[PDB]
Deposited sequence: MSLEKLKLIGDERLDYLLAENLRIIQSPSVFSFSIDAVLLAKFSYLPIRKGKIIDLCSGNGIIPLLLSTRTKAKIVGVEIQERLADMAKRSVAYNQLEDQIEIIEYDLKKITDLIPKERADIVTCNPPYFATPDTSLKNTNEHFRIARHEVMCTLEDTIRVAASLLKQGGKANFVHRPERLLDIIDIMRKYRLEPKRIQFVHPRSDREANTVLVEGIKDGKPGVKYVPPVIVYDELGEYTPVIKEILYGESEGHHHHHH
């Protein structure tokens, strides 16, 4: 009934009671993607959600359990998009999640500018300005862009966001342990929003033992 290919396995999205096709060589979802999904505030009802760098469709799958909103997941690489399309179909989420194999820099070819509620991006340079530019252009006034990035880039990024009319409103730092510095930061920008950031409680990934933190355990297992 399901057709797995070569290296592939059917994993579990445990909190969400879903399954995802995954490959140890080609693609595996990271903690970052789960954290970004959780960080994202969805519309109260309905809405349009675009995942810009979809990969094997981890984020659309995660967000789908939370909203009735329509979701587009954009992924340029055929192999990754085909995994996503198959995972969506296995889960019977075809009528809610639409995976498009297309270059994000060109997605304006298919999707109108400035009509989206939420744009999401978990990048796997100057290419980073493009994804911010494109995210911004997809959003209507009041729309959110949610990114994961490396903290060392955060200020250079805020400058880029504003260049395109996104104002940072929520920032969340991720710290491997309670005594290490941040390696991941989450950012929400409102399209044409008023200034003001709230620094959300940080995520601490592991305790000293190196086992997942309770906050993490609830996120991965429900």
property: Missing residue ranges, deposited sequence indexing starting at 1; result: 1-4, 129-151, 250-259
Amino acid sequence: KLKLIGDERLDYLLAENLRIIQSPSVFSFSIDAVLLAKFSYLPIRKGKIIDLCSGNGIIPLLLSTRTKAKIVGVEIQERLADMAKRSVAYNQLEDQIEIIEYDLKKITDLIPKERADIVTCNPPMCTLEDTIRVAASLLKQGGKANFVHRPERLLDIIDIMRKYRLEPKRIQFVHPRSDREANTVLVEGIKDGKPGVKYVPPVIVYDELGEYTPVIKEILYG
From here on, numbers count along this sequence of modelled residues.
{"query": "Higher-B stretch (mean Cα B-factor, as the entry records it), 126-134 or 108-116", "finding": "126-134"}
{"query": "Of 40-48 and 61-69, the one with larger mean CA B-factor", "finding": "40-48"}
{"query": "Third of the chain's Cα B-factor distribution that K198 belongs to, per the entry", "finding": "middle"}
{"query": "Within-chain third of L10 by Cα B-factor, per the entry", "finding": "middle"}
{"query": "Assigned third (lowest, middle, highest) for the C-alpha B factor of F27", "finding": "highest"}
{"query": "For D179, the third of its chain into which the C-alpha B factor falls", "finding": "highest"}
{"query": "Third assignment of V148 from its chain's C-alpha B-factors", "finding": "middle"}
